[PDB]
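Next up, input38.txt (compact mmCIF, C-alpha atoms and all ligand atoms):
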```txt
# COMPACT_ATOMS: atom_id res chain seq x y z
CA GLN O 14 100.32 134.24 139.62
CA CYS O 15 101.42 136.68 136.92
CA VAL O 16 102.99 140.16 136.90
CA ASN O 17 102.32 142.76 134.21
CA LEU O 18 104.94 144.37 131.96
CA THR O 19 104.42 148.19 131.91
CA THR O 20 106.49 150.82 130.02
CA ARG O 21 105.70 149.29 126.64
CA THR O 22 108.14 150.58 124.00
CA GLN O 23 106.53 148.88 121.01
CA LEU O 24 108.75 148.72 117.95
CA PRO O 25 107.23 149.50 114.54
CA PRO O 26 106.18 146.17 112.98
CA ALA O 27 108.48 145.44 110.08
CA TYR O 28 107.37 144.08 106.71
CA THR O 29 109.02 141.31 104.69
CA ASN O 30 108.20 139.88 101.26
CA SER O 31 107.44 136.23 102.01
CA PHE O 32 108.91 134.40 99.02
CA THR O 33 107.83 130.75 98.91
CA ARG O 34 106.93 129.56 102.43
CA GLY O 35 103.50 128.20 103.34
CA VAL O 36 102.93 125.20 101.05
CA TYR O 37 101.70 122.08 102.86
CA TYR O 38 100.41 118.63 102.03
CA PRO O 39 96.66 119.00 101.36
CA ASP O 40 95.74 115.43 102.34
CA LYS O 41 97.27 112.24 103.72
CA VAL O 42 97.71 110.41 100.42
CA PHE O 43 100.65 109.47 98.21
CA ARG O 44 101.41 110.53 94.64
CA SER O 45 104.46 109.98 92.44
CA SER O 46 105.89 112.23 89.70
CA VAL O 47 102.51 113.71 88.76
CA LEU O 48 101.42 117.34 88.52
CA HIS O 49 98.37 118.35 90.52
CA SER O 50 96.05 121.34 90.88
CA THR O 51 94.22 121.97 94.15
CA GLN O 52 91.96 124.73 95.45
CA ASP O 53 92.90 125.34 99.07
CA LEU O 54 93.54 127.98 101.71
CA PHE O 55 97.03 129.37 101.20
CA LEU O 56 99.47 132.20 101.78
CA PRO O 57 100.41 133.71 98.40
CA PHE O 58 103.93 134.43 97.25
CA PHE O 59 105.32 137.97 97.69
CA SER O 60 103.18 139.20 100.58
CA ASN O 61 104.28 141.71 103.23
CA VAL O 62 104.35 139.37 106.22
CA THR O 63 104.70 141.09 109.60
CA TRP O 64 108.13 140.90 111.25
CA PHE O 65 108.45 141.16 115.03
CA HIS O 66 111.90 141.56 116.59
CA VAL O 67 112.42 141.17 120.35
CA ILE O 68 115.66 142.47 121.83
CA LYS O 77 113.93 145.10 129.92
CA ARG O 78 111.93 145.62 126.72
CA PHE O 79 109.20 143.11 125.87
CA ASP O 80 106.95 143.55 122.82
CA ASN O 81 104.13 141.03 122.30
CA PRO O 82 100.75 142.68 121.68
CA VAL O 83 97.56 140.77 121.01
CA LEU O 84 96.71 140.36 117.34
CA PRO O 85 93.37 139.59 115.64
CA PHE O 86 92.83 136.15 114.14
CA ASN O 87 91.48 135.77 110.61
CA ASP O 88 91.48 132.61 108.48
CA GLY O 89 94.44 130.77 109.98
CA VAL O 90 97.89 132.06 110.90
CA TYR O 91 101.23 131.32 109.26
CA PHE O 92 103.86 131.74 111.97
CA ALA O 93 107.63 131.44 111.62
CA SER O 94 110.40 131.78 114.19
CA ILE O 95 114.18 131.86 113.82
CA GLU O 96 115.73 131.41 117.26
CA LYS O 97 117.87 129.33 119.61
CA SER O 98 116.87 130.56 123.07
CA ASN O 99 113.60 128.61 123.67
CA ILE O 100 111.67 131.53 125.14
CA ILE O 101 108.41 130.55 123.39
CA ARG O 102 106.16 128.35 125.54
CA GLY O 103 102.87 128.24 123.63
CA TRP O 104 100.08 130.33 122.16
CA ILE O 105 96.95 131.98 123.54
CA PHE O 106 94.08 131.87 121.04
CA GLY O 107 90.42 132.80 121.10
CA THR O 108 88.09 135.50 122.45
CA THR O 109 89.28 135.32 126.05
CA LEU O 110 87.88 138.39 127.90
CA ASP O 111 89.76 137.44 131.11
CA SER O 112 88.76 133.81 130.37
CA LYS O 113 85.07 134.20 131.20
CA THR O 114 84.54 132.98 127.61
CA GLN O 115 85.85 129.84 125.93
CA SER O 116 89.47 129.73 124.76
CA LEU O 117 92.41 127.35 124.36
CA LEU O 118 95.95 127.49 125.72
CA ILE O 119 99.16 125.69 124.72
CA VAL O 120 102.14 124.72 126.89
CA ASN O 121 105.06 122.94 125.20
CA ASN O 122 108.07 123.99 127.28
CA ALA O 123 110.08 120.95 128.39
CA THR O 124 108.04 117.97 129.60
CA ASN O 125 105.13 117.54 127.17
CA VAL O 126 102.88 119.32 124.69
CA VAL O 127 99.61 120.04 126.51
CA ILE O 128 96.61 121.73 124.90
CA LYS O 129 93.75 122.81 127.14
CA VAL O 130 90.38 124.19 126.02
CA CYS O 131 88.45 125.87 128.80
CA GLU O 132 86.80 128.91 130.30
CA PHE O 133 90.20 129.26 131.76
CA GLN O 134 92.06 129.98 134.87
CA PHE O 135 93.70 133.22 133.77
CA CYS O 136 96.44 135.74 134.40
CA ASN O 137 96.56 139.44 133.62
CA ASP O 138 99.85 139.01 131.73
CA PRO O 139 101.56 136.33 129.59
CA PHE O 140 104.76 135.96 131.62
CA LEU O 141 105.14 135.53 135.38
CA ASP O 142 107.66 137.85 137.10
CA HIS O 143 109.35 138.02 134.46
CA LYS O 144 112.91 136.89 135.33
CA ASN O 145 115.70 137.61 137.76
CA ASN O 146 118.67 139.74 136.74
CA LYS O 147 121.21 137.36 135.18
CA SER O 148 119.77 133.93 134.40
CA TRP O 149 116.52 132.71 132.83
CA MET O 150 115.41 130.34 135.58
CA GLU O 151 111.74 129.35 135.65
CA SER O 152 109.61 129.79 138.78
CA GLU O 153 105.92 130.24 139.68
CA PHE O 154 104.90 127.52 137.25
CA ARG O 155 101.16 128.27 137.49
CA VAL O 156 100.31 130.51 134.52
CA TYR O 157 96.62 130.29 135.40
CA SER O 158 94.60 131.24 138.50
CA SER O 159 90.85 130.51 138.66
CA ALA O 160 88.17 129.09 136.33
CA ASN O 161 84.48 128.27 136.12
CA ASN O 162 84.36 125.15 133.92
CA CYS O 163 86.68 123.39 131.47
CA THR O 164 85.99 121.46 128.27
CA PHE O 165 88.93 119.61 126.70
CA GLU O 166 92.38 118.25 127.57
CA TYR O 167 95.16 116.89 125.38
CA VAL O 168 98.64 115.68 126.39
CA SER O 169 101.29 114.43 123.96
CA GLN O 170 105.03 113.97 123.47
CA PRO O 171 107.12 117.18 123.57
CA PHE O 172 108.44 118.60 120.32
CA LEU O 173 112.09 119.29 119.40
CA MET O 174 112.72 122.40 121.52
CA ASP O 175 116.40 122.80 122.37
CA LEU O 176 116.79 124.87 125.54
CA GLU O 177 119.07 127.97 125.41
CA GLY O 178 121.29 129.14 122.56
CA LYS O 179 123.85 131.64 121.38
CA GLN O 180 122.88 135.22 120.52
CA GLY O 181 123.12 135.45 116.73
CA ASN O 182 123.89 132.79 114.12
CA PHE O 183 120.50 131.24 114.84
CA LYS O 184 119.76 127.79 113.42
CA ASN O 185 116.34 126.89 114.88
CA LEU O 186 113.93 128.01 112.15
CA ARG O 187 110.48 126.54 112.74
CA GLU O 188 107.45 127.23 110.54
CA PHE O 189 103.94 126.41 111.77
CA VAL O 190 100.60 126.99 110.07
CA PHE O 191 97.31 127.16 111.99
CA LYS O 192 94.09 126.33 110.14
CA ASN O 193 90.49 126.52 111.36
CA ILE O 194 87.71 124.89 109.35
CA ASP O 195 84.33 124.18 111.02
CA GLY O 196 85.91 123.00 114.26
CA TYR O 197 88.86 121.27 112.57
CA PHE O 198 91.93 123.01 114.01
CA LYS O 199 94.85 121.65 112.00
CA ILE O 200 98.42 122.57 112.91
CA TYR O 201 101.19 121.74 110.44
CA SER O 202 104.87 121.99 111.34
CA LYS O 203 108.29 122.00 109.68
CA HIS O 204 111.65 122.69 111.34
CA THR O 205 114.87 123.16 109.42
CA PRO O 206 118.06 122.31 111.33
CA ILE O 207 120.79 124.80 110.35
CA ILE O 208 120.96 128.28 108.79
CA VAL O 209 124.50 129.67 108.79
CA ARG O 210 123.22 133.02 107.51
CA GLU O 211 122.78 135.88 110.01
CA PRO O 212 119.13 136.82 110.75
CA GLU O 213 117.84 139.13 108.01
CA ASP O 214 114.96 139.23 105.52
CA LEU O 215 117.11 137.07 103.22
CA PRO O 216 115.88 133.40 103.68
CA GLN O 217 114.19 132.09 100.53
CA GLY O 218 114.05 128.62 99.01
CA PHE O 219 112.08 125.40 98.70
CA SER O 220 110.34 123.77 101.65
CA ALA O 221 107.40 121.52 102.49
CA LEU O 222 105.10 121.51 105.52
CA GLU O 223 104.39 118.06 106.91
CA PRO O 224 101.11 117.76 108.86
CA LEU O 225 101.41 117.59 112.64
CA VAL O 226 98.08 117.49 114.50
CA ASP O 227 94.30 117.95 114.18
CA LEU O 228 91.89 119.01 116.93
CA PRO O 229 88.08 118.49 116.61
CA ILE O 230 86.98 120.76 119.46
CA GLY O 231 84.65 123.21 117.69
CA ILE O 232 85.12 126.66 119.26
CA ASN O 233 85.20 130.29 118.07
CA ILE O 234 88.46 132.23 117.67
CA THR O 235 88.81 135.95 116.93
CA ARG O 236 92.26 136.97 118.23
CA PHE O 237 95.53 135.48 119.42
CA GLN O 238 98.65 136.31 121.42
CA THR O 239 101.95 134.51 121.94
CA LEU O 240 103.43 133.11 125.17
CA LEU O 241 106.96 134.10 126.19
CA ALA O 242 108.64 134.39 129.58
CA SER O 254 109.40 139.44 140.74
CA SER O 255 112.41 141.58 139.81
CA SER O 256 113.13 143.50 136.59
CA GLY O 257 116.54 142.69 135.11
CA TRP O 258 117.83 140.90 132.01
CA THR O 259 120.77 140.94 129.60
CA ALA O 260 119.04 141.46 126.26
CA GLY O 261 119.14 138.77 123.59
CA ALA O 262 117.84 138.44 120.04
CA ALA O 263 114.56 136.95 118.84
CA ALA O 264 112.97 137.13 115.39
CA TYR O 265 109.57 135.88 114.31
CA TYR O 266 106.99 136.53 111.61
CA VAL O 267 103.19 136.37 111.43
CA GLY O 268 100.96 136.36 108.35
CA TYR O 269 97.47 135.48 107.17
CA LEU O 270 95.87 133.33 104.47
CA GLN O 271 93.07 133.35 101.91
CA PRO O 272 91.60 130.71 99.57
CA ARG O 273 93.37 130.32 96.22
CA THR O 274 94.34 127.46 93.93
CA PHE O 275 97.85 126.06 93.52
CA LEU O 276 99.70 123.88 91.03
CA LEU O 277 102.09 121.44 92.72
CA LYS O 278 104.86 119.33 91.19
CA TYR O 279 105.66 116.03 92.88
CA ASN O 280 108.84 113.97 92.60
CA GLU O 281 109.94 110.34 92.32
CA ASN O 282 110.23 109.88 96.10
CA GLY O 283 106.79 111.34 96.76
CA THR O 284 107.46 114.77 98.23
CA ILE O 285 106.38 118.27 97.22
CA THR O 286 109.14 119.96 95.21
CA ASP O 287 107.63 123.17 93.81
CA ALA O 288 104.31 124.98 94.05
CA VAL O 289 103.01 127.90 92.00
CA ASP O 290 100.00 130.18 92.42
CA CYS O 291 97.36 130.55 89.72
CA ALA O 292 95.79 133.97 90.39
CA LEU O 293 99.03 135.78 91.26
CA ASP O 294 100.56 136.65 87.88
CA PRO O 295 99.51 136.28 84.23
CA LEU O 296 102.44 133.89 83.79
CA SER O 297 101.12 132.01 86.81
CA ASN M 542 88.75 93.72 101.21
CA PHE M 543 90.87 96.39 102.91
CA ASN M 544 88.59 98.40 105.25
CA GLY M 545 85.82 98.49 102.65
CA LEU M 546 88.19 98.59 99.66
CA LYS M 547 86.75 95.67 97.69
CA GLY M 548 88.98 94.93 94.71
CA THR M 549 90.57 92.18 92.65
CA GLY M 550 94.14 91.72 91.49
CA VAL M 551 97.66 90.57 92.27
CA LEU M 552 99.60 91.81 95.29
CA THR M 553 103.37 92.34 95.26
CA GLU M 554 105.82 93.95 97.69
CA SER M 555 106.19 97.66 96.96
CA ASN M 556 109.67 99.17 97.27
CA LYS M 557 108.54 102.81 97.48
CA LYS M 558 108.69 104.70 100.77
CA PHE M 559 105.58 106.20 102.37
CA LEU M 560 105.16 108.51 105.37
CA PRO M 561 103.69 107.81 108.84
CA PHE M 562 100.58 109.85 108.01
CA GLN M 563 100.33 108.35 104.51
CA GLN M 564 98.02 105.38 103.97
CA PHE M 565 97.15 105.05 100.26
CA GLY M 566 98.56 105.53 96.77
CA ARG M 567 96.97 106.79 93.55
CA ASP M 568 97.88 107.34 89.90
CA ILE M 569 96.68 109.35 86.89
CA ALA M 570 93.44 107.33 86.90
CA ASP M 571 92.98 108.21 90.62
CA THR M 572 92.46 104.55 91.52
CA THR M 573 94.23 102.93 94.45
CA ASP M 574 97.20 100.73 93.55
CA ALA M 575 99.56 100.98 96.56
CA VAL M 576 98.20 100.10 100.00
CA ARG M 577 99.38 99.54 103.56
CA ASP M 578 98.40 96.37 105.42
CA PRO M 579 97.02 97.36 108.87
CA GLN M 580 98.45 94.36 110.73
CA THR M 581 101.95 93.99 109.25
CA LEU M 582 103.43 97.33 108.25
CA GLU M 583 104.92 96.66 104.82
CA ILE M 584 103.65 98.20 101.57
CA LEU M 585 101.60 96.23 99.04
CA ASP M 586 101.36 96.97 95.32
CA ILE M 587 98.11 96.20 93.48
CA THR M 588 98.13 95.23 89.80
CA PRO M 589 95.01 94.20 87.84
CA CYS M 590 94.66 90.94 85.95
CA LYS K 444 58.29 113.40 137.34
CA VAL K 445 54.88 112.95 138.92
CA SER K 446 55.01 116.58 140.11
CA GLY K 447 56.86 117.91 137.06
CA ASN K 448 60.53 118.33 136.18
CA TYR K 449 62.54 121.55 136.33
CA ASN K 450 66.22 120.52 136.43
CA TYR K 451 66.92 120.63 132.69
CA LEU K 452 67.63 124.07 131.21
CA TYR K 453 67.82 125.74 127.80
CA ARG K 454 67.52 129.12 126.08
CA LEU K 455 65.51 130.30 123.06
CA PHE K 456 66.82 133.89 123.18
CA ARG K 457 69.66 134.23 120.68
CA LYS K 458 70.27 137.00 118.16
CA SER K 459 71.46 135.20 115.01
CA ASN K 460 71.97 131.75 113.53
CA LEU K 461 75.13 130.14 114.91
CA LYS K 462 77.55 128.31 112.62
CA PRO K 463 77.57 124.49 112.79
CA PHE K 464 79.37 122.86 115.75
CA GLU K 465 79.46 126.09 117.79
CA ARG K 466 79.37 125.95 121.59
CA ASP K 467 77.76 128.66 123.73
CA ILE K 468 77.81 128.37 127.54
CA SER K 469 77.95 132.03 128.58
CA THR K 470 74.90 133.78 130.02
CA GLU K 471 75.05 137.17 128.30
CA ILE K 472 71.77 138.97 128.96
CA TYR K 473 69.31 138.80 126.06
CA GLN K 474 68.30 142.13 124.53
CA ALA K 475 65.30 142.90 122.33
CA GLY K 476 65.95 146.61 121.67
CA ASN K 477 68.66 149.25 121.55
CA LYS K 478 68.11 150.22 125.20
CA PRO K 479 70.92 148.72 127.33
CA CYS K 480 69.73 146.66 130.27
CA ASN K 481 70.89 143.90 132.60
CA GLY K 482 69.86 141.99 135.70
CA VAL K 483 66.18 142.46 136.49
CA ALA K 484 63.66 141.78 133.72
CA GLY K 485 61.44 144.28 131.92
CA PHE K 486 61.43 146.08 128.59
CA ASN K 487 64.51 144.82 126.68
CA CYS K 488 65.67 143.04 129.84
CA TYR K 489 64.46 139.44 129.45
CA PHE K 490 66.70 136.73 130.86
CA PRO K 491 67.86 134.14 128.30
CA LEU K 492 67.85 131.05 130.52
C1 LIG D 601 82.42 134.15 116.59
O1 LIG D 601 83.54 135.06 116.52
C2 LIG D 601 83.23 136.29 115.87
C3 LIG D 601 84.54 136.95 115.51
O2 LIG D 601 85.22 136.22 114.50
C4 LIG D 601 82.37 137.13 116.82
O3 LIG D 601 81.58 138.04 116.07
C5 LIG D 601 80.78 138.92 116.90
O4 LIG D 601 79.46 139.01 116.33
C6 LIG D 601 78.54 139.83 117.06
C7 LIG D 601 77.21 139.74 116.34
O5 LIG D 601 76.48 140.95 116.43
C8 LIG D 601 79.07 141.25 117.14
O6 LIG D 601 78.18 142.04 117.93
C9 LIG D 601 80.46 141.26 117.77
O7 LIG D 601 80.99 142.58 117.76
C10 LIG D 601 81.39 140.32 117.00
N1 LIG D 601 82.70 140.28 117.64
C11 LIG D 601 83.69 141.12 117.32
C12 LIG D 601 84.97 140.94 118.08
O8 LIG D 601 83.57 141.98 116.46
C13 LIG D 601 81.52 136.25 117.73
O9 LIG D 601 82.20 136.01 118.96
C14 LIG D 601 81.16 134.90 117.08
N2 LIG D 601 80.20 135.08 116.01
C15 LIG D 601 79.17 134.25 115.80
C16 LIG D 601 78.28 134.59 114.64
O10 LIG D 601 78.97 133.27 116.50
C1 LIG D 602 98.25 143.45 136.51
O1 LIG D 602 97.17 144.24 135.99
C2 LIG D 602 95.87 143.82 136.41
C3 LIG D 602 94.87 144.71 135.70
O2 LIG D 602 93.60 144.68 136.34
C4 LIG D 602 95.76 143.90 137.93
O3 LIG D 602 94.50 143.40 138.34
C5 LIG D 602 96.88 143.09 138.58
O4 LIG D 602 96.85 143.26 139.99
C6 LIG D 602 98.24 143.52 138.04
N1 LIG D 602 99.30 142.71 138.61
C7 LIG D 602 100.45 143.22 139.05
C8 LIG D 602 101.44 142.24 139.62
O5 LIG D 602 100.69 144.42 139.00
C1 LIG D 603 103.28 146.06 102.05
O1 LIG D 603 103.98 146.58 103.20
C2 LIG D 603 103.51 147.88 103.58
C3 LIG D 603 104.42 148.37 104.68
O2 LIG D 603 103.69 149.11 105.66
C4 LIG D 603 102.04 147.80 104.00
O3 LIG D 603 101.58 149.10 104.33
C5 LIG D 603 101.20 147.22 102.86
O4 LIG D 603 99.87 147.01 103.30
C6 LIG D 603 101.79 145.89 102.38
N1 LIG D 603 101.05 145.39 101.23
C7 LIG D 603 100.63 144.13 101.13
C8 LIG D 603 99.88 143.78 99.88
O5 LIG D 603 100.84 143.30 102.01
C1 LIG D 604 115.28 136.04 141.44
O1 LIG D 604 114.25 136.57 142.30
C2 LIG D 604 113.16 135.68 142.54
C3 LIG D 604 112.14 136.44 143.35
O2 LIG D 604 111.61 137.54 142.62
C4 LIG D 604 113.67 134.43 143.24
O3 LIG D 604 112.59 133.52 143.43
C5 LIG D 604 114.76 133.77 142.40
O4 LIG D 604 115.31 132.67 143.12
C6 LIG D 604 115.87 134.77 142.07
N1 LIG D 604 116.85 134.15 141.19
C7 LIG D 604 118.15 134.49 141.18
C8 LIG D 604 119.01 133.75 140.20
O5 LIG D 604 118.60 135.35 141.92
```
The structure in this file should be written as structure tokens.
Ligand SMILES: *[C@@H]1O[C@H](CO)[C@@H](O[C@@H]2O[C@H](CO)[C@@H](O)[C@H](O)[C@H]2NC(C)=O)[C@H](O)[C@H]1NC(C)=O
Ligand SMILES: *[C@@H]1O[C@H](CO)[C@@H](O)[C@H](O)[C@H]1NC(C)=O
Ligand SMILES: *[C@@H]1O[C@H](CO)[C@@H](O)[C@H](O)[C@H]1NC(C)=O
Ligand SMILES: *[C@@H]1O[C@H](CO)[C@@H](O)[C@H](O)[C@H]1NC(C)=O
Amino acid sequence: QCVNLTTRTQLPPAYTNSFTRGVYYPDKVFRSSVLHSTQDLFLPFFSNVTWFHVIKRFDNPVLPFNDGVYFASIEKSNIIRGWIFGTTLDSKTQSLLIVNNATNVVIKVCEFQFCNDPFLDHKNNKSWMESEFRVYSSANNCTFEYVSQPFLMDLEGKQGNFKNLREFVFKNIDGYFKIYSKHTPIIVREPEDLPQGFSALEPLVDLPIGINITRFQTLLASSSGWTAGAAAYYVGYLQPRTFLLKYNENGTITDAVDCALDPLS
Amino acid sequence: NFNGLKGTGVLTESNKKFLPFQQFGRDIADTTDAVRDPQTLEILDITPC
Amino acid sequence: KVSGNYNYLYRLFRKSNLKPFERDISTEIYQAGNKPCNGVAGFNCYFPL
């Protein structure tokens, strides 16, 4: 069972110049102190990535999917519970759903049991207790199941001074759905458009299911009452380019530079 | 003969650190010289004659 | 079978060439012209299955 939102006061989507995030390991091999050049799907430097800020008011519209999604979230509260991807149409078509709340990471691919809304009630007035665990009602036929160990999702956190910054990248290539993850532990800086630096994206999981995806929406949690918190996340797209990467003595990616971005590049 | 890798040389113990997803090791010549034994999980270093 | 077999099903009514490793299970009604139609067969109303 699920209950709709209504009275949607959608904030204007902000824009942020993504500095250096998005570089990942192209393949599961090892190199050592050698430069490399690779043509690959990427997010370029200095692109106006879309910033969504969530403060009674919920703002999570459905967004079209095109050539992977680079998603980032700086939070502590553990409101995110998964992602809805595909071409759902009240789940009479094929889609996939993700649940990674507390017990395990489960990925289902089905002509789903469906709700009319992402959340459930949503919540009662003061606390954020979870009830009505079924987020899905009735299906025709299902295709694929996957259950694995839960990821590092600390439950509940202070408003402001967020440390849980997690960057995921979603890639689709001919039925290969590759998800790469990287979480950084602490950021003492207050949430702004500031964070820039060096990072690497270790690979996480690959799914050979072979479906069609055209749009996606997030998953965040019978009364209407809540003391508002703070949530900040970013969504951006990708296109094929070629990158020059510098390795190190240990065997990790230190710096990457675009080739078609600038004449100096 | 490592999973179809048919080669010849001397095998030493490699002190470098790989990753759980990592399985091989290359060089400028793009030929394999650092490998991982499937049964026992240390790292071997390959050097030609 | 000795009297014929009819259990297995298919469809040869698709609009365009699907990309490799694409799954289609839905039974959207096949159309041959710009006239919208559904359900019973006829002109631009042929069932795909
Ligand atoms: C796979 O997904 C694409 C979207 O990425 C869909 O494209 C549709 O193609 C038909 C072909 O005439 C159009 O009529 C639809 O309008 C398209 N959809 C949208 C949302 O615009 C479609 O679901 C799939 N395409 C193929 C070729 O299999
Ligand atoms: C939510 O909206 C859908 C739209 O059709 C409706 O069917 C459903 O009953 C609504 N649920 C609630 C709890 O209002
Ligand atoms: C830069 O951000 C503005 C803000 O609305 C947007 O209109 C524009 O498309 C963005 N440009 C690029 C290249 O992302
Ligand atoms: C909030 O209300 C729901 C019913 O809508 C109830 O199930 C839940 O126990 C209530 N929680 C609190 C903390 O009052």
If the cut-off is 8 Å, can you tell me the residues of chain K near chain O, counting all atoms listed in the file? I'd like them as a PDB file with C-alpha atoms, keeping the file's coordinate frame.
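Here's the written file out_31.pdb:
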```pdb
ATOM      1  CA  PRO K 463      77.570 124.490 112.790  1.00  0.00           C
ATOM      2  CA  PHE K 464      79.370 122.860 115.750  1.00  0.00           C
ATOM      3  CA  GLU K 465      79.460 126.090 117.790  1.00  0.00           C
ATOM      4  CA  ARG K 466      79.370 125.950 121.590  1.00  0.00           C
ATOM      5  CA  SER K 469      77.950 132.030 128.580  1.00  0.00           C
TER       6      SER K 469
END
```
**OP:** Take CA of residue 154 (chain O) and atom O4 of ligand LIG 604 (chain D) and report the distance between them in Å, one decimal.
**Re:**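 That distance, rounded to one decimal, is 13.0 Å.
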**OP:** Give as an NGL selection string every residue, naming chains and numbers as the document does, that has an atom within 8 Å of (96.0, 99.3, 96.9), counting only C-alpha atoms.
**Re:** :M and (565-566 or 573-577 or 585-587)
Could you write out the selected residues, including C-alpha atoms, as a JSON list (two decimals), in the frame of the given file?
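Heads up, here's the output in selection17.json:
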```
[["chain", "number", "residue", "atom", "x", "y", "z"],
["M", 565, "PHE", "CA", 97.15, 105.05, 100.26],
["M", 566, "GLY", "CA", 98.56, 105.53, 96.77],
["M", 573, "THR", "CA", 94.23, 102.93, 94.45],
["M", 574, "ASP", "CA", 97.20, 100.73, 93.55],
["M", 575, "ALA", "CA", 99.56, 100.98, 96.56],
["M", 576, "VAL", "CA", 98.20, 100.10, 100.00],
["M", 577, "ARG", "CA", 99.38, 99.54, 103.56],
["M", 585, "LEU", "CA", 101.60, 96.23, 99.04],
["M", 586, "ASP", "CA", 101.36, 96.97, 95.32],
["M", 587, "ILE", "CA", 98.11, 96.20, 93.48]]
```
Original post:
From the set O:136, O:83, O:48, O:288, which residue has the shortest atom-to-atom contact distance to ligand LIG 602 (chain D), counting all atoms listed in the file?
Top reply: O:136
Subject >> Interface, chain M side, toward chain O (7 Å; only C-alpha atoms) as a list in words >> reply: residues 562, 563, 564, 565, 566, 567 and 568 of chain M
**OP:** Counting all atoms listed in the file, name the residues that have an atom within 9 Å of an atom of ligand LIG 602 (chain D); the answer should be given as a PyMOL selection string.
**Re:** chain O and resi 14-19+136-138+141-142+254
**OP:** Return as a ChimeraX atom specification the residues of protein, DNA or RNA that approach ligand LIG 603 (chain D) to within 8 Å, with all atoms listed in the file taken into account.
**Re:** /O:27-30,60-62
Subject >> Shell around region 448-461 of chain K at 6 Å using only C-alpha atoms, local window under 3 positions removed, as JSON, numbers by chain >> reply: {"K": [444, 491, 492]}
**OP:** Identify the residues within 7 Å of coordinate (112.8, 140.1, 122.4) (same frame as the file), considering only C-alpha atoms, and give the answer as a list in words.
**Re:**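 The answer, in the requested form, is residues 66, 67, 68, 79, 80, 261, 262 and 263 of chain O.
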**OP:** Skip residue 177 (chain O) itself and residues of its chain fewer than 5 positions away, then list as a PyMOL selection string all residues within 10 Å of it, counting only C-alpha atoms.
**Re:** chain O and resi 96-100+149
Counting only C-alpha atoms, what is within 8 Å of residue 557 (chain M), bar same-chain residues fewer than 2 positions away, as a tab-separated table (two decimals) with C-alpha atoms, in the coordinates of the input?
```tsv
chain	number	residue	atom	x	y	z
O	282	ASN	CA	110.23	109.88	96.10
M	555	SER	CA	106.19	97.66	96.96
M	559	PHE	CA	105.58	106.20	102.37
M	584	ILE	CA	103.65	98.20	101.57
```
**OP:** Write out as an MDAnalysis selection string which residues come within 10 Å of residue 475 (chain K) when counting all atoms listed in the file, dropping same-chain ones fewer than 2 positions away.
**Re:** chainID K and resid 456:458 473 477:480 486:489
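Between CA of residue 182 (chain O) and CA of residue 207 (chain O) lies a distance of 9.4 Å.
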Original post:
Could you state the separation of CA of residue 291 (chain O) and CA of residue 50 (chain O) in Å, given to one decimal place?
Top reply: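 Distance between the two atoms: 9.4 Å.
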